[PDB]
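The structure appears below as structure tokens.
Bear in mind that the values in this text are calculations on the coordinates, not laboratory data. Cβ atoms come from the backbone with ideal geometry, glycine included; neighbour counts cover every protein chain shown.
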There are 4 protein chains.
Amino acid sequence: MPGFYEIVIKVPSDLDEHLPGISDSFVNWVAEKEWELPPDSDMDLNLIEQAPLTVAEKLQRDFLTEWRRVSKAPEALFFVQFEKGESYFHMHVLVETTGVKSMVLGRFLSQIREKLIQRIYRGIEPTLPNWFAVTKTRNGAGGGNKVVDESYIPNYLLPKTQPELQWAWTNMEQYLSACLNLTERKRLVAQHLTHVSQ
Amino acid sequence: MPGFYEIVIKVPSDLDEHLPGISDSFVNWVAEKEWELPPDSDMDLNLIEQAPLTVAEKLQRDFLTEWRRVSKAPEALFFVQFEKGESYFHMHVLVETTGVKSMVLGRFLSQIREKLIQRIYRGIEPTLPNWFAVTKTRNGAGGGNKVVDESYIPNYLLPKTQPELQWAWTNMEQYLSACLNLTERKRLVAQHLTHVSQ
Amino acid sequence: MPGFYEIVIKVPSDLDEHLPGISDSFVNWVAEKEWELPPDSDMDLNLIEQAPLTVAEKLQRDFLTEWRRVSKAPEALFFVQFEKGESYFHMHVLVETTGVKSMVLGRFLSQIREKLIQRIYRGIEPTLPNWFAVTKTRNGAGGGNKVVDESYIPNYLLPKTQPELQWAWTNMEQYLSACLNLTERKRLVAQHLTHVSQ
Amino acid sequence: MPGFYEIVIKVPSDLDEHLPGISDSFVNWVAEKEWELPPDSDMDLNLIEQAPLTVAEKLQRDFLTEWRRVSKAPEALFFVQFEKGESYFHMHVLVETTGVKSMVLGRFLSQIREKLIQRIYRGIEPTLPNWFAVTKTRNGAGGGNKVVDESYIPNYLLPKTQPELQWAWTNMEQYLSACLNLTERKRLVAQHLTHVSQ
DNA sequence: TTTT
DNA sequence: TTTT
DNA sequence: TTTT
């Protein structure tokens with residue numbers, strides 16, 4: 001089975017310490033974009049933010065479009081998950097490694113970061129510590145890219161629920177009902193635990 | 001029997017920390033060079049890289065051509081082996097000492113390094129720590145060149161298998177089947193161990 | 001009728017004053033390329049150079065490919081002419097204005113120059129005075145792009161013959177025989193003079 | 001007919017102003033080399049020097065060997081002439097343009113100068129004003145290489161006699177007797193004058 | 001100490 | 001070593 | 001990627 005990558009995206013949450021010299025048009029366009037909830041979900045109307053989700057969905061859509069334009073393959077699997085943190089809001093992704101190798105991944109990631117800066121931030125570099133970086137295999141000096149197998153999502157992304165879990169955009173067929181429903185996620189976690197117990 | 005030399009070559013694996021200011025033509029020509037596997041081998045389709053092997057074969061071919069042009073002898077024995085490492089990818093070579101002495105070897109190695117920089121990197125000096133250096137006999141100050149006898153390959157290059165072993169280019173007659181097959185390598189290792197046990 | 005643009009390209013002719021620090025691979029590839037003459041031409045074997053023509057044809061082919069890739073239109077009219085000068089060798093072009101406006105032409109020309117520098121010279125900027133520039137309408141401060149109509153080629157490019165004329169690559173149907181033959185060029189000049197005399 | 005090049009070489013004539021810090025081995029080897037005169041000549045035993053001629057013949061032999069090694073053609077025409085000057089001794093050459101173009105001539109001349117410096121002076125650059133340079137066509141900025149046709153030798157090198165003429169090394173068949181004999185040179189000059197008078 |  |  |  002083809003491997004997957006893990007790219008963490010940090011979403012800011014301040015205007016007087018994270019985005020210096022911000023404009024009124026950006027916040028006016030962000031705040032004027034409300035969202036609703038599907039009837040086949042199980043979330044809360046007060047535990048889900050608006051502007052952070054609105055910018056996270058735009059960032060993930062821009063990343064997906066950039067990946068589809070670079071790899072020239074619209075049928076690319078992805079699994080984005082916005083998980084609430086204590087210091088800064090983080091978002092994980094599971095992009096397949098079909099096409100892109102590993103040595104050229106650095107230049108592609110740099111170009112994606114530059115495009116996201118010139119698009120969302122309109123050419124403004126935030127002062128967040130390593131807000132756009134990738135993980136490695138934790139070696140010494142010059143470690144390779146960390147790969148993601150199948151036994152990684154049900155042990156680090158599925159058990160994460162409220163209030164940590166915010167929104168999960170899937171693409172697989174066996175995860176259409178386990179995106180916003182906690183019962184399907186718990187069933188999948190139990191199935192994985194019973195499978196790995198053999 | 002004539003001795004052999006051991007020259008280690010370090011292959012980079014990053015574009016935003018190893019090759020500053022890398023043009024797009026180089027990576028476009030490197031990524032657009034796929035390779036296949038021979039039917040008389042025993043490797044894996046996922047444990048073998050593409051771009052690292054593609055640049056390593058080009059580097060070893062350039063080194064062989066430069067050695068044949070300098071020594072003016074096309075019948076030169078060689079044994080290149082690309083071994084995977086923890087920090088950086090390394091490649092060992094076993095070039096015979098027919099023609100070149102030892103004092104002039106430094107200038108020849110410097111010229112070969114300059115030619116490889118002006119050819120592969122097109123006049124770009126990488127920031128890798130001692131990426132192009134030779135080994136010595138480990139003495140005090142001003143040690144001689146380390147020679148390689150016959151009892152060196154089956155104890156440091158043959159036991160190295162997957163996932164450390166990537167590709168082994170041979171030239172001898174008794175090593176044609178022990179290049180990509182693990183059974184022949186194990187048989188040769190056992191034969192050497194039984195021979196040195198007397 | 002759609003207008004045309006006039007972009008002058010300067011070709012160097014020195015290695016110890018124009019291209020500081022040039023590798024031997026470039027000159028080795030340039031010197032190993034010989035061209036012949038078609039039987040339906042009328043030129044000289046001594047008045048036509050080799051390396052300047054060989055680099056000019058490559059530059060014009062790269063420019064045509066870049067224009068076809070940017071404008072996304074392979075059916076683009078062009079008329080390149082390499083004219084010998086007293087100070088530096090110059091080459092004129094007649095690219096149609098189908099697709100590209102005038103305000104975005106500056107960024108496109110800058111990108112084309114950067115690509116030609118990173119491809120031919122491979123990250124080497126020559127010290128020639130304004131070797132890559134475009135002409136204007138000669139006004140005050142902020143003149144627009146100089147357009148080229150139909151009454152411009154037979155009065156500035158057709159009368160230019162030997163030894164000034166080196167090679168003329170056309171694309172029109174009425175100029176297929178007036179590329180290397182002086183009789184057709186003289187006939188076209190006489191026809192234009194008789195037409196403008198009314 | 002193929003053209004010819006004109007490269008002027010300046011020969012020093014001082015040790016305490018031209019070659020600072022010169023070893024005694026050079027002058028010891030120069031002074032220990034005496035030359036004679038052929039019986040089929042017409043020169044003088046007092047008007048012909050020894051050390052300038054001895055270094056000029058070695059310089060021209062080294063230049064001829066370097067040209068034959070670079071162009072890979074031993075059958076190369078040449079016509080060297082050591083002419084006495086008022087300021088510094090100069091030597092002219094007439095090397096054919098078979099093989100070498102004009103753009104790569106600069107790098108070849110620089111390499112020849114570097115080899116002559118590292119071989120004759122053993123890596124010592126003299127302080128003579130432009131002692132190793134080539135002539136141009138006298139234009140503005142970026143003039144090409146000055147070519148030498150047939151009507152150039154009998155009007156600038158043949159009339160130059162004693163005490164200006166020192167030694168003329170030829171290679172042609174019609175100039176074997178006009179190398180050291182003034183009668184043949186005068187006859188050739190008269191023939192050229194009668195030919196150009198038509 | 002130079003066409004070994 | 002540049003229309004693989 | 002600007003009269004959603």
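Summary for B:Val104: label point 7 Å along Cα→Cβ; distances to the equivalent points in the other copies, ascending, 2.6, 4.3, 6.1 nm. Look at D:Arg61, A:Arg113 and count the other Cβ atoms within 10 Å of each Cβ; fewest to most, that gives D:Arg61, A:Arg113. In debye, nearest 20, what is the charge dipole magnitude of the protein assembly as shown about its Cα centre with +1 on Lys and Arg Cβ and -1 on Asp and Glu Cβ, if you could check? It works out to roughly 60 debye. Straight-line cross-link partners of C:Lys146 among the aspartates and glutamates, defined as a Cα under 12 Å from its Cα and at least 8 positions apart when in the same chain: C:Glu6. Legend: distances between Cα atoms for A:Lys10/A:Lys72; A:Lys58/A:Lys115; A:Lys72/C:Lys115; A:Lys101/B:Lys33; D:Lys33/D:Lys58; pairs beyond 18 Å are A:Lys10/A:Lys72; A:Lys72/C:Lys115. Each other copy holds its own label point for B:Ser41; taking that point as 7 Å from Cα along Cα to Cβ, the gaps run 4.7, 5.0, 7.1 nm, nearest first. Dipole check for the range B:37-182: with +1 at the C-beta of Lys and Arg, -1 at the C-beta of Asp and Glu, and the Cα centre as origin, the magnitude is about 880 Debye. Rounded to the nearest Hz, the phi-derived 3J(HN,Hα) couplings of the range B:11-22 under the Karplus curve 6.51 cos²θ - 1.76 cosθ + 1.60 (θ = phi - 60°) are 9, x, 8, 8, 10, 9, 7, 10, 10, x, x, 8, where x marks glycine and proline. Farthest toward the positive end of the dipole of the range B:92-198, out of B:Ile124, B:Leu94, B:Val104, is the Cα of B:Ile124, where the dipole comes from beta carbon charges about the Cα centre. Projecting the Cα atoms of A:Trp167, A:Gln60, A:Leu15 onto the charge dipole of chain A (Cβ charges, centred on the Cα centre) puts A:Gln60 farthest toward the positive pole. Here the spin labels are modelled as points 7 Å beyond Cα on the Cα-Cβ line, and at A:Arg119 and C:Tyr121 they lie 3.3 nm apart. Principal axis extents of the Cα atoms in the range B:35-90, from largest to smallest and rounded to whole angstrom, are 40, 32, 16. For the options B:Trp169, B:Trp67, B:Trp29, a Gaussian network treatment of chain B with springs between C-alpha atoms closer than 10 Å singles out B:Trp29 as fluctuating the most. Its Cα centre serving as origin, the range B:7-106 has a Cβ charge dipole (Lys and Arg +1, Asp and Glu -1) of approximately 760 debye.
Rounded if a/c is under 1.5, else prolate if a/b is larger than b/c, else oblate: which is the range C:79-137, with a ≥ b ≥ c the root eigenvalues of its Cα gyration tensor?
Oblate, because a/c is 1.5 or more while a/b does not exceed b/c.
Close amide H contacts of C:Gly85 (hydrogens built in the peptide plane, cut-off under 5 Å, sequence separation of 5 or more or a different chain): C:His90.
Normalised size of the protein assembly as shown, defined as Cα radius of gyration per 2.2 N^0.38 Å with N residues, equals 1.31.
Considering all C-alpha pairs of the range C:96-198, those separated by over 22 Å amount to 54%. If I take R0 = 56 Å and measure r between the Cβ atoms of C:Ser197 and C:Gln111 in this structure, what FRET efficiency does the formula 1/(1 + (r/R0)^6) give, to the nearest 0.05? Step by step, r from the Cβ atoms, then E = 0.80. Computed from backbone phi with θ = phi - 60° and the Karplus coefficients 6.51, -1.76 and 1.60, the 3J(HN,Hα) list for the range A:110-121 is 5, 5, 5, 5, 5, 5, 5, 6, 6, 9, 6, 7 Hz; x is used for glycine and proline.
Between amide H atoms placed 1.01 Å from N, distances below 5 Å from A:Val8 occur with A:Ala133, A:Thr135, all of them 5 or more places distant or on a separate chain.
DSSP loop (so not H, G, I, E, B), at most 11 other Cβ within 10 Å: list which GluC sites (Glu not before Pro) in the range B:1-78 pass both filters. Passing both the DSSP loop test and the Cβ count: B:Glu32, B:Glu34, B:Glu36, B:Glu75.
Semi-axes of the equivalent ellipsoid for the range D:10-132, computed as √(5λ) from the eigenvalues of its C-alpha gyration tensor and ordered from largest down, come to 25, 21, 14 Å. Neighbour counts of other Cβ atoms within 10 Å put A:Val27, A:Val100 in the fewest-to-most order A:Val27, A:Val100. In order along the range B:170-179, phi translates into HN-Hα couplings of 10, 8, 6, 7, 8, 10, 6, 8, 9, 8 Hz, rounded to whole numbers, per the Karplus curve 6.51 cos²θ - 1.76 cosθ + 1.60 with θ = phi - 60° and x for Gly and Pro. Just checking the listed ones, C:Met43, C:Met172, C:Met91: in the Gaussian network model of chain C with Cα springs under 10 Å, the one fluctuating most is C:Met172. With its label point defined 7 Å out from Cα along the Cα-to-Cβ axis, A:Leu157 lies at 4.4, 5.7, 8.1 nm from the matching points of the other copies, in increasing order.
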